[PDB]
Every structure is written in structure tokens, then in C-alpha cells.
Amino acid sequence: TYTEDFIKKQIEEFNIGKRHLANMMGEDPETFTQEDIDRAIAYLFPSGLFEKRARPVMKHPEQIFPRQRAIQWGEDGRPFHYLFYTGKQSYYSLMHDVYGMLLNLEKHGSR
Amino acid sequence: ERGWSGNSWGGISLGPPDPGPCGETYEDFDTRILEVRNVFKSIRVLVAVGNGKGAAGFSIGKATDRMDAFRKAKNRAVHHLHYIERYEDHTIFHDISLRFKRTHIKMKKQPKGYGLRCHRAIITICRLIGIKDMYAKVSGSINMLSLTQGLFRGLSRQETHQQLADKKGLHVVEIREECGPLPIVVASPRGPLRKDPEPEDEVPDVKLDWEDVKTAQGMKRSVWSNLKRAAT
Amino acid sequence: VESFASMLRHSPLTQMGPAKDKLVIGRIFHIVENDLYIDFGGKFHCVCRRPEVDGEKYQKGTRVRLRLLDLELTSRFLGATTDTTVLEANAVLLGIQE
Amino acid sequence: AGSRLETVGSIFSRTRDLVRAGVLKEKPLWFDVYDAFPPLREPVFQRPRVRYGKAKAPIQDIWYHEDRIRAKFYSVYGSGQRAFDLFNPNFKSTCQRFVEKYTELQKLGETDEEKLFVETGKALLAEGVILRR
Amino acid sequence: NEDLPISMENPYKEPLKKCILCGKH
Amino acid sequence: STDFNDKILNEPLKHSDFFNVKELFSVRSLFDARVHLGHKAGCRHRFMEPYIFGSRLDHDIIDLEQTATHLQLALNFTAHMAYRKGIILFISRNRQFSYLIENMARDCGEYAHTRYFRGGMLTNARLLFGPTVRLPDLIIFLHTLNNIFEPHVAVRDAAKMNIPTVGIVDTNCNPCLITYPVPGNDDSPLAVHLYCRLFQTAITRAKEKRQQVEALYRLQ
Ligand code: FES
Ligand SMILES: [Mg+2]
Ligand SMILES: [Mg+2]
């Protein structure tokens, strides 16, 4: 599991590496872009591997590092969502919203 | 140290219960194995826990491995605790006669220094509870689970002196032979006190047990009764 | 201060007596295709079918005339120690209250 | 965490025994509120029992004097063609008018049930209420 | 209180149903 | 923190009605909401007999004088719990009022569970929510029965987890394990709306009073 500090350090390292690559390839660091990153990394590290993922890649850290650390309550322990104890707060909240819309309407190529 | 016998699991201590998911520690609790049985293979264990101050419980744990069964039983027991009222923190408040299924248990309150003259499992459970003086007789089927269940029900359903005083609205006065005719008030009603005395029942319609009477009158001749035994 | 006994004694529901074959005024409060849910002042609502005659006039909030048959439909069944209730009243829809 | 023996005592007695025994470090948030304002009955589990023999429920049937009048009214003039409005807290049915007139005549005259009924019918017809037997 | 209910037999009790030959020889 | 405790958490417990919940309802209001209308005598539960005024043409009538005292106690308990920032969970399996109860819970800043109750919400909460989940301090049953006319499992589970319960109990319900039962009609929409209104008002007033007392104590 990756802590926020780890991702922060990866962000700083990525910025420094971006400037280093821009210096290496002779472009201006200020205007150096991610498409430029891809082109430069492909040139400096040629790779014929068919799997585009397998080929060497330099990306912004968050694009690889996934995150599903959704915390559902605070320090006091009170859950944020009023449907928390159902265990399916998002689904039942959506169902509740749809039911309310249907009540309002009753008062009044694709898949 | 051995249990009730050299090769028996019963009476063996399992140590304190593990710290719970709730975040509570139980270093003041002791665990004792009451039964281990092969289930046809897996193992079913009956264990009891208690802190020696009235908080006690029991549980069944089933698992393929014996140690897993011990752990499950102990952890479940700590979360199903009874509180047992003790008279002067050494005995029960009154005589208790109970029947759970086919197992009959007859317990007698005793003075200090009497010790635990009870079935070995009852001795273990009493040590876990903190009862130090009591007599007990088990009759009918001697089934360990039924014995434990009946014992815990009977000990959890005992009426304290304060409860009796509040119920009858009267002083509960204790007469001790060692203290002469001095009246010792052990409980007084919290609310108002009735001015009318209890009916002086000429002969109460109490259900007597033939064993107690026969022992009192001296016709009990058992060679197994009142035998010298190690301190319990 | 009016006691509960007085309110019960002078209540219209208490005054109605037996509910069998009594004409009442109910209000439609829910529509499910051709199912009309009507409140008439009782504990339970009654569900009626939309009449084939002037069925468009039966809408939410409409006042209707009903013949009550039972305030709550219950019945004890074989091998049961308590009655089974459908949580519904029985009534016949007569028409719209003019 | 507390004892999960919901059939022994109540939540209050279990919690109190555990707290005084030192098992629980702190009282739960509701313990003090329960102390200050206890319920009328302590919530102790009890197993409902089927009645047998001569035991009967102590629930009585709610009857009033005028019910008799109502019954016989409903047996003679039948159910009024007028419709009851139970939503109105002060609805007044034809039968209720008959009852009030019957009681008025009872307190202003003698006690003869048939005579009271016929006289009340005459009075209602005089007032202008239709009553088909 | 005078508004309390009072004990009586059910006045709305419908008569028990009879067969077509009830009371006939 | 001793002064904080004594002035904020212990002070409200010295008054019989600290939040003035008695002015929120009257026997007249309960009668007008049809709170006294129970089920037929064939559906009666034995433990509900002391709360029944009588049977009117085989329909049980709930004694509203007792309902008033029971509701006073239940509302007082709810208000005191909300003042102490306790988690309050409303539970009801009557689908006719699921939307209303969820709206009410969202409005008063409390929690609702009107859906299928999965085995182990309360007795197995650590596994199903997380090791540090906080359970409700109070559970309020608008309907204590499930759709098969048996007790809501949450009643027994709350008793197991030592969570006090307030509950609306009709004539066919079992009030033995509910900490603060309130005898009343649980079927008519008027009665349910009244219950929701009363509980919402009590909770919001208690929370406002807590904030006001905090502000006054901080100022002085
Ligand atoms: S009912 Fe048959 S003889 Fe009367
Ligand atoms: Mg040996
Ligand atoms: Mg109901």
C-alpha cells in the first residue's frame, strides 16, 4: 500500500526527472510536455515489444499508482453518509434519488 | 500441572483470553477447559472463563485443530459473560435447587472455611467465579454441557438480600450462632418500610428433599460422604 | 381537558358502529395503473379497480363513495395460533363524490 | 464490548454489572441518560406463552349505552343512504342525530323503549329527515 | 368519568342463521 | 475537562424535561393522527395487553394516555442522546414509508436503514464495515416487524450489542426487548408522519441546544 507521502515524493521526483529529460534532449524545460516525454523516452530507450505497456514509460505518478482508499467516517466516528449502515450507501442513495424523481414526475444507438 | 486426571483435558488452564477486536484486554481473566470431544474429524471444546470477582462465562468452540477450538471458545466466552452475585464475596445468597434438562443440581450456601465440596467441574467454575464456600450435589444425567448451563442459570437467578428487602419492604435480619442473639441487619428497604409484620406461618408448605432430612436425622450411612479430601 | 375516553366515545369511527355495508367517503392517494388506493379514515386503505365508466375522472385527490365490508381483512388458518392479516380494508367502489 | 446474552437481564443491568466489575473502562454514552430517565418497564426478555384452560385476556369490549339504540336504529331504518365522512372530526350521521334526540326525550320524559323510538322517529320526520323503514 | 365504556352483551349481534325448516314439523 | 463535563453533559440530566419535548404533542394530536387504532383482536400479542384500552367491534384500541407517557419518555431519551452527539439509526421495513424515513434521517443529520437487513450488521460490524467502525448509540424502530410479521432481527441484535432501542409497537408486536416502547398505530400514514415529525423536531432541537450551550460556555 502506498502512503500519501510516497506519492508526494514520487511527484517531486517526476518533476525533477522531467526537467532532467528536457535538459538532456535540448528542449526548454518550461514548455516540455508529456507527448515530448513519450517521444524522448522512446528514442533514448528504443523498444520493439508489441505490448505498449511493456515498453518503457515515464508518466505522472498518479496515472499508474491506483487509489481506492475511500474513508467513510471521520475522527469522531460519525459516518459521512446518512445511508452508511446499509453498507451500500452509494447504490441506495442513487435508488432514493431515482424514486424521488419518479415521485416528482408523477406529481407533474445506445445501451 | 495436570487437570482432573493425568490424561484429561478437563481442568487445564488455557491462560488469559486474547485481546478482543473491541480493543479490551482480559489479563485478569482465567480460562479452564471443561470438555474436549471428537466430532465425527473435528474437535468440540467446552471452556469457561472468569475473573474471580463474579464475572464469568462459558462457550463452545468447534474446529479441526484443537488449539483453534480453544481460541474460538475462549474468545467467544469472554463476550458472553454472566455476573454472579456473591454473599460477602465468598458464597451464594441462598440454597439453589435447579433442573436443566435431565441434570439436577442442588447447591447449599455455607459459612466461611467450608470450602468447595462440589463436582469437580463445579469446583473449577466456582474458582473462576470467585465462590469459595459452597456445597453441591449433581443428580440425574451427568452431562457436562447441561451441568454448566444449569449452574450458570441457577447462579445468575439468585435473589440478593437487598432485592428481598426491596421486594418485601422489610429488614432482613441475620442470626448467627457464633454471634449469640445479636440481630445483624444485612439489608434494609430503600423505600418505605412496612409496618405490618409477615404472617407467622405455623408450618410452611416448603418442598423438602429426602436427602437433606435423612442427613440431618442421621440415617444417611454412606461410606462415601464426609470423606477427607485435599483443600479445594 | 378532554380525556381519551371522551374522544373515543365521540369519534365518528366509534359512532359508525359496525362497518359492514356502510357508505363512506374516501380519498384516492396513490395510483398504480388501474389500481386506486383510497383512504376513508380507517387504519388501513382499500385498493379498488378503476371503473370502466368515466375511468379518467379517478385521479389522485379524488373523493369517492365506497361501501365498506371489512375494516381489516384477517383470518385464522389451520395450524396457526394468530390471525393472518393482509394489511388492507375491503370496500366496493360506487362512484365519485359529487 | 459488553455481554451479548440478550436473554439475561437487560442492557442496563448487564452494562452496570460489567462497569462495576471493571470489564468496561468507561460507561457508554447512553448509560447516564438511562440512569436519569429510566423506562417504565425494564426491557427484560420474556417468552410469550399460549393461554390454556380458563385463562382469558383482560381486554374488554368497548360498549356504550347508545350502541343499543344505534343497533336497533340500524335494524329498523337500515344504514343511511347518506355517506359517512370519517375525515371530519365532528361528522354527524343520521343515526347520531336519532341517538341525540332519543337521549333528549329520555331525559325529558319516561323510559319506554318502543315509545321513545316511535316518538324520536316522529320528531326527526317533523324536522325534515327522511327515514325509510 | 361518565365517558368510560360499560359492560353489556353485543347489541349489534346478528341473529343466528336458521334452516328453511326451522320451527316447522 | 471536569468543568466542561459537569456543566455540559451532567447539567441536562438534572431536569425532568430539559428539551421541553412535552409541548410537541398531546393526546388530542395523537387521536387526530389515528395513533389509537390497532389491529383486530385475532392478531393481538399478549405482551401488548396492558397497553390496550379495549376492543371496539373486534378492533383493538390503544390507550393513548399510556402512549403519551411512553412517548414522553422515548422523546426525552432521544433528545438527550442527540444532545450528546450520539449516532441515531432509524429502522423500518415498511416500504410505504421508506422514502419518508430516509428523508427525515437526512434532514436531522442522522442515519436510516429502510432496506433489507443483511445478517451481521450489528453483531459482526467489524468484519462488514471495518475494524474501527462506530456503531449506533440509539436505534429507533418506526416498525418493529418485518414483512413476514415477525420481529425485526435488529431488535435482538441491538439487545445483543447493548444498544438502547426506541420503538413504535402496534397491538401485534412484541415490546419485551425494546428499551423505550411507544404503543401506537404504525400503519396509517398520518401516525407515521406524526412520529417522524416528533422525532425530527426533538433531535434538531437537542442539537441546537447543545450548540447554544457550547457557545455560551465558551463565551463565559
Ligand atoms: S336451524 Fe334447523 S331446526 Fe332451527
Ligand atoms: Mg498418568
Ligand atoms: Mg400495525
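Scroll up for the structure.
Conventions adopted
Residues numbered from 1 in each chain as written, not as in the entry; some residues may be left out. Chains lettered and ligands numbered in written order. Part of a larger assembly, values for the part shown. Heavy atoms only, no water. Axes fitted to C-alpha atoms, helices over the stretch in contact; angles between N-to-C directions. Helix = DSSP H or I, 4+ residues; strand = E, 2+ residues; numbered from the N terminus. Parallel < 35°, antiparallel > 145°, perpendicular 65-115°, else oblique. Left-handed = near helix turned anticlockwise from the far one by under 90°. Contact = heavy atoms within 4.5 Å. Nonpolar A, V, L, I, M, F, W, Y, C, P; charged D, E, K, R; others polar. 1 Å grid on protein atoms, 1.4 Å probe; cavity = no way out; pocket = protein on both sides within 12 Å on 5 of 7 lines; lining within 4 Å. Points joined across faces, edges and corners; volume = space filled by probe spheres on them. Donors = N, O, S within 2.8 Å, 3.2 Å for Na, K, Ca; no water. Buried < 20%, exposed > 50% of the residue type's maximum accessible area, 1.4 Å probe, protein only. Buried area = accessible area lost by both parts, 1.4 Å probe. Polar contact = N/O pair within 3.5 Å; in protein donor to acceptor, adjacent residues only side chain to side chain. Core = buried A, V, L, I, M, F, W, Y, C linked by side-chain atoms within 4.5 Å. Pairing = 2+ DSSP bridges.

**Q** What exactly am I supposed to notice about the packing of helix α2 (residues 120-129) of chain B against helix α3 (residues 144-156) of chain B here?
**A** When two helices pack together, their arrangement is given by the angle between the helix axes and by the axis-to-axis distance. All names here are of chain B. Interhelical geometry of α2 versus α3 gives an angle of 40° and a closest axis separation of 11 Å. Our classification of the angle between α2 and α3 gives oblique. Relative to α3, the crossing made by α2 is right-handed. On α3, the residues touching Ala121, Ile122, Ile125 and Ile129 of α2 are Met144, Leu147, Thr148, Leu151, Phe152 and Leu155. For the contact of α2 with α3, the residue count by class is 9 nonpolar, 1 polar and no charged.

**Q** Sorry if this is basic, but what is going on with empty space enclosed by the protein here?
**A** To find leftover empty space, a probe the size of one water molecule is rolled over the atoms. The space that makes up the largest cavity amounts to roughly 80 Å³. As for the largest cavity, its lining consists of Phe73, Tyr74, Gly80, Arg82, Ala83, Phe84, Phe91, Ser93, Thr94 and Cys95 of chain D. Those elements that place two or more of their residues in the lining of the largest cavity are α3 (65-76) and α4 (94-107) of chain D. Broken down by class, the residue content of the lining of the largest cavity amounts to 6 nonpolar, 3 polar and 1 charged. Roughly 50 Å³ of internal volume is contained in the second largest cavity. For the second largest cavity, the full set of lining residues is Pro39, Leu40 and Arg41 of chain D together with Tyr51, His70, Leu73, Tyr180 and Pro181 of chain F. Among the secondary structure elements, those contributing two or more residues to the lining of the second largest cavity are α3 (64-83) and β8 (180-183) of chain F. Of the residues in the lining of the second largest cavity, the class split is 6 nonpolar, 1 polar and 1 charged.

**Q** What exactly am I supposed to notice about the coordination of the magnesium ion (ligand 3) here?
**A** Six octahedral donors around a metal ideally sit at 90 or 180 degrees from one another, while four tetrahedral donors ideally sit at 109.5 degrees. Residues and elements named next belong to chain F. Around the magnesium ion (ligand 3), the protein supplies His39 (NE2), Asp170 (OD), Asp186 (OD) and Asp187 (OD) as donor atoms, at distances of 2.0 to 2.3 Å. In the primary structure, the donors to the magnesium ion (ligand 3) are separated according to the pattern H-x130-D-x15-D-D. Here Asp170, found in the loop between β7 (165-169) and β8, pairs with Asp186, found in the loop between β8 and α7 (189-219); they are 16 residues apart in sequence, far enough to count as distant. Here the two residues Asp170 and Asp186 agree in accessibility, since each one is buried.

**Q** I tried to follow the interface of chain F and chain D on my own but got confused; where do I start?
**A** Bring the parts together and some accessible area is lost; that lost area is often taken as the interface size. With 43 residues of chain F at the contact, the number on the chain D side is 37 residues. Between chain F and chain D the total buried area reaches about 3,400 Å² when both faces are included, carbon and sulfur atoms providing 61% of it. The largest contributions to the chain F side of the interface with chain D come from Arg46, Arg56 and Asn162 of chain F, which together make up 18% of the buried area. Where chain F packs against chain D, one counts 17 residue pairs in polar contact. When residues of the side of chain F that touches chain D are traced back to their parent elements, those giving at least two are β2 (52-56), α3 and α6 (153-160) of chain F. Looking at the side of chain F that touches chain D, the element that brings in the most residues is α3 of chain F, giving 7 residues.

**Q** Please clarify how the interface of chain D and chain B should be interpreted in this entry.
**A** With 11 residues of chain D at the interface, the matching set in chain B holds 10 residues. In total, about 1,100 Å² of surface goes out of reach between chain D and chain B, with carbon and sulfur atoms giving 60% of it. Interface area lost by chain D to chain B is led by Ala1, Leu5 and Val23 of chain D, which between them contribute 40%. Taken together, the residues of the side of chain D that touches chain B break down into 5 nonpolar, 2 polar and 4 charged.

**Q** Hey, could you run me through the nonpolar core in this one?
**A** One recurring pattern in soluble globular proteins: nonpolar side chains tend to sit buried together. In this structure, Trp30 of chain D together with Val35, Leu75, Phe77, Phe90, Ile140 and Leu142 of chain F are the most contacted members of the largest nonpolar core, which totals 63 residues. Not counting the four nearest positions on each side in its chain, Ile140 of chain F is found in contact with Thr78, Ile88, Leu89, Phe90, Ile91, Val166 and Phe199 of chain F. If you look at the next biggest cluster of nonpolar residues, it comprises 39 residues, including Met16, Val24 and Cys48 of chain C together with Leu131 of chain D.

**Q** What should I look at first to understand the sheet that holds strand β5 (residues 96-100) of chain B in this one?
**A** Strand pairs in the sheet, formed through backbone hydrogen bonds, run parallel or antiparallel to each other. All names here are of chain B. Here 4 strands make up an open sheet; going across it, the order is β5-β6-β8-β7 and the pairing mixed. Either end of the sheet is taken by a strand with one partner, and the two such strands are β5 and β7 (116-117). The pairing of β7 with strand β8 (residues 134-140) spans 2 bridges and is classified as parallel. In the strand pairing of β8, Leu116 is matched with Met134. Packing of α2 onto the sheet brings it into contact with β6 (103-109), β7 and β8, and relative to β8 it is tilted by some 140°. Docked against the sheet, α3 engages β5, β6 and β8, running at close to 140° with respect to β5.

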